[PDB]
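Peer 1: Structure below; questions to follow.
Every number here is computed from the coordinates shown, using simple stated rules; none is lab data.
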């Protein structure tokens, strides 16, 4: 599976899904768990690549403050340059599930 059960249940399309690995307060990207559902326009692609790293930092920052808790499932909605990102640990104590799509 390139997607995740949680990611397959998202509704908005197109979307970029990924399950990141949490080391301390650092989120690691794993391509084997990254996927695109639907399709982004040629214009959105480079744009999405620029906003992705910003969502990651936002999320790492939320794990430090506690807003995001590895032990408790709780979804958050983030924004950045016309894009939205839903992120949730699902209380996995090690993973952070995300979905990025146009607002």
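Peer 1: Using only the alpha carbons of the chain, what is the convex hull's orientation-averaged projected area in square nanometres?
Peer 2: Projected area, direction-averaged: 5.9 nm².
Peer 1: Could you state the angle between the C-alpha long axis of helix 44-65 and the longest principal axis of the C-alpha atoms of the chain, as a value from 0 to 90 degrees rounded to the nearest 10?
Peer 2: For helix 44-65, the angle is close to 10 degrees.
Peer 1: Show that you can apply the helix-only estimate: for the chain, add -39,500 (n - 2.57) for every DSSP H stretch of four or more residues, divide by all residues, and state [θ] at 222 nm to the nearest 500.
Peer 2: Taking each H run of at least 4 residues, the total per residue is -8000 deg cm²/dmol.
Peer 1: Roughly how far apart, in whole Å, are the Cα centres of segment 48-71 and segment 78-103?
Peer 2: Taking the Cα centre of each part, segment 48-71 and segment 78-103 sit 8 Å apart.
Peer 1: May I pose another question? Kindly give the semi-axes, whole Å and largest first, of the ellipsoid equivalent to segment 55-103, taking each as the square root of 5 times a Cα gyration tensor eigenvalue.
Peer 2: With the √(5λ) rule applied to segment 55-103, the semi-axes are 19, 11, 8 Å.
Peer 1: Connecting C-alpha atoms closer than 10 Å in a GNM of the chain, tell me which of 89, 65, 77 has the biggest fluctuation.
Peer 2: Looking only at 89, 65, 77, the largest GNM fluctuation is found for 65.
Peer 1: May I ask you to derive the relative contact order of the chain, considering only C-alpha pairs under 8 Å and at least 6 residues apart, and to give it as an integer percent?
Peer 2: Values: 196 pairs, mean separation 30.8, N = 103.
Normalised by residue count, the contact order of the chain is 30 percent.
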